[PDB]
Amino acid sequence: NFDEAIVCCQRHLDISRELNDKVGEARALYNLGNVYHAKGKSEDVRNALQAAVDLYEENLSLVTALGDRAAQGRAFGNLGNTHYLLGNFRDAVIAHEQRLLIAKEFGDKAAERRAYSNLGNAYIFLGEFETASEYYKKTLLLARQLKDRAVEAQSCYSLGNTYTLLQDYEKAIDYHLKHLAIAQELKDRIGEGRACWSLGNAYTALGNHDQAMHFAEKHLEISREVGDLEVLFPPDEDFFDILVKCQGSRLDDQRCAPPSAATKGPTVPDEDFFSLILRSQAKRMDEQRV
């Protein structure tokens, strides 16, 4: 519906400019940035996304002239997310950083946490894993204070992936187990299949074939059943149960559900860096080769 929508906001903005309506112009700019933003995630896509950024940044300066701190916040947060989708992790960070500060001013714990969590993701893409674990830990402490079991599990998972990248599999396992617990606790099956792969992949890197073998099987069982699924209660498009079983010619256990049933559990983080991890130890295997 992205085209009917865009014309409408254009109409709205058109009018607001004619009427010298500073508020409504800013709103139309936000609305129009939101549509583009959503078009951008559904490489002339870069055109939709750069528009959204342009639009949000215009709105920002305006809502700043007005002086609405919450409304500046909404733009900053959107800017973080758009830049993030574009690769401008540099700019992502700058924008989310403000967003965290504005959540701090309002004492917004949920928005504080989301921002730490967002910042973490950006730092991971920058390869700055040390500075990223710093934020994930922050987001973890907040989740507990927020009494949010779900997010809690996500920060654990996210910290898991982090340390795995640092090649500290001892702390990685610690975190994923904490997450595997909340998964079971909250009965998030899809999240369970995720931990199990992760764990079984960490242990592998430790030489614990015994424990690795175990988890791979737990993952295999859950994998098997979510393939036969046709519906599920968050659009998981990372093709996890296929990518993760793409090694050599032992491929019989690739699984993938239809888009309807392709949802991520409440304990899976926004970003799961399995493929990075995968590609990253792939690089090192070849580096040892001589």
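Don't overthink the numbering: it's just position in the shown sequence, from 1.
Going from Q247 to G248, the model skips none of the deposited residues; the chain is continuous there.
Going from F233 to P234, the model skips 1 to 3 deposited residues, which lack coordinates.
Two stretches are in play, 43-51 and 30-38, and the higher mean C-alpha B-factor belongs to 43-51. Here the stretch with the larger average CA B-factor, out of 205-213 and 157-165, is 205-213.
Sorting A181, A75, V93, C196 by the CA temperature factor given in the entry leaves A181 at the top.
When the CA B factors of the chain's modelled residues are split into thirds, the value for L142 lands in the highest one.
Among the modelled residues of the chain, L66 sits in the highest third by CA temperature factor in this PDB entry. Sorting the modelled residues of the chain by their CA temperature factor places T131 in the middle third. Per the PDB record, residue ranking by Cα B-factor puts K104 in the highest third of the chain. Residue-level temperature factors show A282 in the highest third of its chain, judged at the C-alpha atom.
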